[PDB]
Amino acid sequence: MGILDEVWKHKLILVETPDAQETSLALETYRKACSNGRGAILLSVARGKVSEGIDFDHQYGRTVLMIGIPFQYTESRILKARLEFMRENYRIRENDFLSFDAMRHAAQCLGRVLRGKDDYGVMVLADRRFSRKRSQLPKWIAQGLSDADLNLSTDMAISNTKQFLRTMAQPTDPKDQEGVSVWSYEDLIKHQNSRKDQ
Amino acid sequence: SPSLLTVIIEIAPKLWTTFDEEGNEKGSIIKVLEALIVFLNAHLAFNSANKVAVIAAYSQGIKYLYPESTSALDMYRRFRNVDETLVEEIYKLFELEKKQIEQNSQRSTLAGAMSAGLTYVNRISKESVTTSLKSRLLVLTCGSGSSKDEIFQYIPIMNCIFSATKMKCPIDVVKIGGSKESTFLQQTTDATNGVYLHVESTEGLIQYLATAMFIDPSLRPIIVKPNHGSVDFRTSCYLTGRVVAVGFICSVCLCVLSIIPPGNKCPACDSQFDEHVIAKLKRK
Amino acid sequence: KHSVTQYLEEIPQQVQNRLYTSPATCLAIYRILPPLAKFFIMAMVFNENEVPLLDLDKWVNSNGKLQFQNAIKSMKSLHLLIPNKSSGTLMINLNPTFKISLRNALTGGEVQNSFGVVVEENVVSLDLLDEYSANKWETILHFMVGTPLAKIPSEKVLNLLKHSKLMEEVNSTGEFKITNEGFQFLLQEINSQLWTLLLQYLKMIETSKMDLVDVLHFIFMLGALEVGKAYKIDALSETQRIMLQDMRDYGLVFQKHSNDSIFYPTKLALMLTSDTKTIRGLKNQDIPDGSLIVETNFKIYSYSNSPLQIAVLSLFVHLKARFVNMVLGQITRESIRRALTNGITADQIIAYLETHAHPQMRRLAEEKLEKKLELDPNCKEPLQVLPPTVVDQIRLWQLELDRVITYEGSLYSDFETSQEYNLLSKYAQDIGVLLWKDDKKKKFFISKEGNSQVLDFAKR
Amino acid sequence: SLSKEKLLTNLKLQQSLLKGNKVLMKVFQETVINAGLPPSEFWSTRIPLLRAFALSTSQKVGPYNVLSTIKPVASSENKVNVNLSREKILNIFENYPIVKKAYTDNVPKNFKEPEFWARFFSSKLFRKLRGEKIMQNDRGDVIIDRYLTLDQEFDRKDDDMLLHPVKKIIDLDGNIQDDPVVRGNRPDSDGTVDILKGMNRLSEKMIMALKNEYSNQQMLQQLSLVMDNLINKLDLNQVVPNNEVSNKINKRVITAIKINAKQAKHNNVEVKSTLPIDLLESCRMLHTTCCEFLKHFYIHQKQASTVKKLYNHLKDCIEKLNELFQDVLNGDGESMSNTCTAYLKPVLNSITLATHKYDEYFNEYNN
Amino acid sequence: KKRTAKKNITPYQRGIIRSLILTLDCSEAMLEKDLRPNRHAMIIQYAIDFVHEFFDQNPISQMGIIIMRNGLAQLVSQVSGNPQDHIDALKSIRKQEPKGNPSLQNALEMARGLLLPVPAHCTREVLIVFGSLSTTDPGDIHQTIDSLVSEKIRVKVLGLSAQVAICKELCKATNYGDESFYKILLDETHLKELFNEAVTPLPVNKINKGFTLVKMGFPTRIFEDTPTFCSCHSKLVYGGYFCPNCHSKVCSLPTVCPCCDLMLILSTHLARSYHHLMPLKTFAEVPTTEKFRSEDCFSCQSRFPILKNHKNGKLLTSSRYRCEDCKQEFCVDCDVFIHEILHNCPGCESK
Ligand SMILES: [Zn+2]
Ligand SMILES: [Zn+2]
Ligand SMILES: [Zn+2]
Ligand SMILES: [Zn+2]
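Going line by line, the protein sequences match chains A, B, C, D and E.
For reference, each letter of the first sequence is one residue, going 557 to 754 in full-length UniProt numbering.
For reference, each letter of the second sequence is one residue, going 22 to 94, 113 to 323 in full-length UniProt numbering.
For reference, each letter of the third sequence is one residue, going 7 to 286, 328 to 507 in full-length UniProt numbering.
For reference, each letter of the fourth sequence is one residue, going 168 to 355, 368 to 393, 465 to 519, 537 to 567, 573 to 639 in full-length UniProt numbering.
For reference, each letter of the fifth sequence is one residue, going 107 to 457 in full-length UniProt numbering.
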């Protein structure tokens, strides 16, 4: 289709390819483009090497996606055999373990897009099955995922993220609400929790 | 097109005595007061019932006269109410006079008067969004001696000018006193599109008033009646005191200094200058 | 509009001075003159000496001389002044009675007439009897226009309307319908209506026991300000008292009951001269009650209403079923053809809509307005401040029923040479006053501005 | 890039700017062709115009989009010379050497306008951009196929020329597998991988072409109280308010005011000989710029001889204008000559004053 | 519940002279539909407003306008001190429509070239109204930024609805590090006030730099009318000014003499400056129950003070926002008016 032409018109595309060297080269160009003007898209694989160690800071990551939810049994029955062992040896059923692994990889992918608290960034998902897994996710992800944000359509998704990006762009720096969530130098911890010694 | 003529009559009993001192004591301000009352009535009649206002400047402050801030809590007869109320207030003000009143002769609150009057004009215009008021104020001053040109009021006067121009409010001035062209006032009327009138003392102004102090409401096709040229060769050197032509103005200080630089620390802001720059100036 | 000022100058000079004896009348007529004349008169009032005209010419500059002629022609027509060819020059000065009366009025004169008012316990409430005066005015308006029930008992008022031919109604059959006079009555909102009625009372009440000086004294004393105390009791002529009672019957006097008291100064006399706000059992709150409808879709959307007002609207639009806030009506070529049957011109209605029905069209006229006058030179396209579309449709209906073209001015001649004619034509094209011209005939029928300017240039 | 002496010597640039404005070339020639000014200083006044022009000129457009686009965003106009034809083709050439070389090689024969670009569509726009055409229209022939073969290994060697030893944060190479010697599995169909390498290579080439960096008190109160009383003493007879009192005084006031009205009125807020008017205007512009150069130089300072030449020329110009006035009085008469003298009075005074000031300074330096 | 600036902590220095080179953005991005006509039309309208305002408040500075179309920076108004030229230029542009991509780098380089003639005491500046989310540079950018900060050229930019990393770096870089100048907007009114706050001179905490006396002279109006004659545009103009030294006519302006090249001013420009240098202490809002002061205004005479015990109404607040040094009341309207338009505090003038 012509779909790639448009994203070309806006940003850069940087695919993920099996040879590690070329992958590293592409990744560093992605960083170099992000910190430069032109926006750049890197699309990779959840099971793949990219998610393993690479970090995505403020600039280098704003909006991860999860096209689909990662599952393995595409291929053959080694997972089936291990899962057989799992069920017989541990009181764990197939779909339980499979969902657990999938959400493990999903959370590992998602967590990369933040570094500090000054950073921020959308973390969308995409699949019907995700809606029921909302509890499998790690807690701190789940908290931000309110109920009303479930099975949203793409259109309301774009609306919401637009509002987000605008709002976060604001220099919302009261610096007195940050005495709540930063525990400033040597004191707020000292004061607060030396009193909380209760 | 209604107009808000807000006279600003200053009355220094020091300057009132000077007026008695000037020429003969052939009549106190009473002449001016009566002429002002009549002119005020005239304007009050001319238009379609357009309000007025009057402020004073006595030796130790200013106080309104006509709009008559909450106190309890003939001829068309509104003329009657305006005039009798004004005169009652002014007699009250004259009661406000004594030696402690004689004490704070250091200043002359005219600038405060003009500023407050402008604020009043803004208040009235803002409240009366409908039927926009082509307003314009006035100034009556008893020109006395003992100070050839008081300058400690120089800036607030010009701030008044700029406010006036932005607010589009011509401001006409009538100085009654010695033949000393009130330079700042002169520039004020000229810049804000006004009219200057340096009458002699004892003549019944009413003709002067009704002639050349009544054509500024909302007309302006008519030649104003200003005196001789209004040279803008502005303030004398802060250090020297002689009127400057080819100025020499420091910096962030902004003070205008004569051809005599003290060589360092312009004598209004402590700012030593580049001696290299000093020599560059001295290169002449 | 008969332009009562024209009636004022109609009356002869001696009776004009007779009127000028009354200072309050002098003041009231001062209120009416064009501003140029106002300023000139205020100049002359004090310097007790005639003044050459040359000064009063040089007082005014360029692009505003038209008003100079307006003022001088008006003042001469009503003869407030006396031009004086003393030394062959022009020694202007007012009718000295006018001057002295005015000057007395400015500084405590002896005008016991204007001072006829009395100050006492003005127990008159704002709504108090003001609502009664408004109700009387509405009742007479409805009876003249013709309501379902016309309680208008003004036998004198009815006689004035009929003999004056106030409205095209068959008074012989009792009809009170809209004629050309009736159409105008529907047109002149408040000042026009009150003025037409006052003129009618003047014309009808002109035979015997008039005392026109006392008549105008009473009228203007009413319009001047609240006389209040002792007005009806003391401050009135005998025929003056009769005229005051008649006016109070006509609503224009808000006299209290008991048939003997001070003058009851109703707001209406104020409305005679004010040219200002128009708003008047015990309920009536509306700064914008009149909820008319008029947009670009030529429809009638009404929420706010007033029964006589909406009847006036119906005078050029159909009615089918009155609704709660609305009345079934849609303005079309037929709707105004209703008034075209009465021959009503689509002229007064223009400014009427621009002014009336605005209590419901405030936001409409604001969005059309958009302050697109200072923005007009920059953005060359108007934002339909005064809707031209509706104007074009109305003109089209008017044109459909009319088919005739006329022009104002006067025929001109004595263009001896082609040079003068060509130069005058070029100057007129510069000023846009030449309707049409031709050098072959050396004639045209336009406004007198070109001739005026050429004559002034030649003589001075 | 821009320097005072550089713009001074940029003679071709200066003449181009002469072509820029008719007014400019006119004033310049009449300052030159009239045996007047060396162009050097004439520009020395006008330098900022030169700098501005030069910068407005040498302004390389970016590579980036249009460069790319020239392969993607350009798939429709199969007609003649499409949008930005020369611009697009030069973007292509800087973007891809191969097409430039092929077009150049196919100038003496085989026109690259219509048929060249037609076959180019197939050949290149299959080679670059979309998937391997392989089958279908294999019009990639002759020069097309040759350049295809070339560009293959060419892009190869380019990519070779691209490999940095990336800083060890990102080093995926050393990161993967080059820690251990392990035994995994792998399970995650040729072609299109080349497509991905194509887009990577394009982007990196673009970025690299950009890293390339190519009495008081007592009596006071007394009088005050007196007045206060007078006021309180009923009085305030507004009737007695002057009115004008002395008719004479009144008259005098009126006199003053009409005098002032007249004088200020004299402010009416159209020459005869249009050709002589324009000629005089040229003379004024000439004398103005001449004096401009002096009042620059006479202030600034060691180029005294230049000032001397300027002064001699200015004196010549003054005498010239004197003769001009003489001729004007002779021919145009007086009224027209009077109008000319009025039009030229300010400039004449200024230049005369400049001459006098120079004479004074020269006397001071000499004596 | 109050929204006030706590304190002004550079009331000692500003750049009084300026040479601000506003650079618009006329590129395909500005054609989206987020602001009522578009981005572009609203932008240019507000740009006109800002031009008027800025040349009012800083009436001694110059200004130049730059667009960014088709990746090119095409100067649309030479750096000049006459507002009308720039106004007309913007008028002309507004009827023309954007294209191409915004080439921030080219605009930056064109500016840096443009501001070279500006002398040392004058201060430079740029104001990028950046609208898009990308640039397209024909060169290194950090090269340019380094050249900029080498040439002491502060830059402030007003992004549209996003934050671009490079622009943030740019503002943080030139302005001596202290990042506050990359303010981006979230509403049209926010945009109006953005330009408004761009009008004023710009302090952060100035490094100790060269401060230099500047020669200038004031003119005197002319008298004659028929003798219409001009030495700055070579026309007939019914009467103007005289350079005190060059001694040649100059059409009305604060312009520089076109004969001897010295600055010309009257004073009122200097008066505007004075107003900007030493402003007032922000008026304090008096305590609701602890005021016990006069029940009126002071500068005006308003009747908006309190209500005296009304459950929640009186519990709200007491409109008595009163300035410090004169310690006199002032209703809200009077305080807003004083702190906006005229800066002579009424009472503080009088003592
Ligand atoms: Zn000029
Ligand atoms: Zn000069
Ligand atoms: Zn107030
Ligand atoms: Zn204060």
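For every residue, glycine included, the Cβ atom is placed at its ideal position computed from N, Cα and C.
Proximal residues to residue i (C-beta, below 8 Å), its chain only, five neighbours per side dropped
{"i": "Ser83/C", "result": "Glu15"}
{"i": "residue 458/E", "result": "The structure shown has nothing for residue 458/E, since chain E only spans 107 to 457."}
{"i": "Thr318/E", "result": "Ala226, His227"}
{"i": "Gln180/E", "result": "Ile172, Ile173"}
Partners in chain E for residue i, counting only beta-carbon separations shorter than 7 Å
{"i": "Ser591/A", "result": "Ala271"}
{"i": "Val285/B", "result": "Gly323, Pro350, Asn351"}
8 Å Cβ cut-off: residues of chain D touching residue i
{"i": "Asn55/C", "result": "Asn497"}
Neighbour list for residue i in chain E, Cβ cutoff strictly below 8 Å
{"i": "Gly595/A", "result": "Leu239, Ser240"}
Neighbourhood of residue i by C-beta, 7 Å cutoff - its chain only, sequence neighbours within 5 removed
{"i": "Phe686/A", "result": "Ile625"}
{"i": "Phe46/C", "result": "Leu62, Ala77"}
{"i": "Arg306/D", "result": "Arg286, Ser289, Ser290"}
{"i": "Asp272/D", "result": "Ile310"}
{"i": "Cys32/C", "result": "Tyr26, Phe104, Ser107, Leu108, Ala111"}
Separation of residue j from residue i, as counted between CA atoms
{"i": "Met477/D", "j": "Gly48/B", "result": "8 Å"}
{"i": "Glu430/E", "j": "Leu386/E", "result": "9 Å"}
{"i": "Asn120/B", "j": "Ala93/B", "result": "16 Å"}
{"i": "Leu100/C", "j": "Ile88/C", "result": "6 Å"}
{"i": "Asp281/C", "j": "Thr505/D", "result": "40 Å"}
{"i": "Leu383/E", "j": "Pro309/E", "result": "11 Å"}
{"i": "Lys289/E", "j": "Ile166/E", "result": "26 Å"}
{"i": "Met249/C", "j": "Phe74/C", "result": "38 Å"}
{"i": "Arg294/D", "j": "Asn311/E", "result": "59 Å"}
{"i": "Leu422/C", "j": "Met148/E", "result": "16 Å"}
Residue i: contacting residues in chain B (beta-carbon distance under 7 Å)
{"i": "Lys515/D", "result": "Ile262"}
Residues that residue i contacts on chain A, provided the C-beta gap is smaller than 7 Å
{"i": "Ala268/E", "result": "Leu721, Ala725"}
Residues near residue i by beta carbon distance below 6 Å, same chain, minus five either side
{"i": "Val432/C", "result": "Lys415, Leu416, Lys419"}
{"i": "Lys367/C", "result": "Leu375"}
Contacts that residue i makes with chain C (C-beta to C-beta distance below 7 Å)
{"i": "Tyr115/B", "result": "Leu231"}
Under 8 Å from the C-beta of residue i: neighbouring residues of chain A
{"i": "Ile290/E", "result": "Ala725"}
Task: Residues whose Cβ lies closer than 5 Å to any heavy atom of ligand 1, in chain order - done: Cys336/E, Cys338/E, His339/E, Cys357/E
Task: Residues passing the C-beta test against ligand 6 heavy atoms, cut-off 5 Å - done: Of the ligands this structure carries, namely ligand 1, ligand 2, ligand 3 and ligand 4, none is ligand 6.
Task: Positions along the segment 434-456 of chain E whose CB lies within less than 7 Å of some CB in chain D - done: none
- [ ] Please list, in chain order, all residues with a C-beta atom less than 5 Å from at least one heavy atom of ligand 3.
- [x] My final list is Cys403/E, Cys406/E, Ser408/E, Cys437/E, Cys440/E.
Open item on the list: Closer than 7 Å between beta carbons: that is the criterion. Which residues of the segment 310-340 of chain D meet it against chain A?
Closed with: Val333, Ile337, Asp338, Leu339, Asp340
Open item on the list: If the cut-off is 9 Å on Cβ atoms, which residues from the segment 70-95 of chain C count as contacting chain D, listed in chain order?
Closed with: none
Open item on the list: Beta carbons nearer than 8 Å to chain D: which residues of the segment 187-216 of chain B have them?
Closed with: none
Task: Proximal residues, the segment 601-631 of chain A versus chain E, C-beta separation under 8 Å - done: Contacts with chain E (Cβ-Cβ distance below 8 Å) from the segment 601-631 of chain A involve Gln615, listed in chain order.
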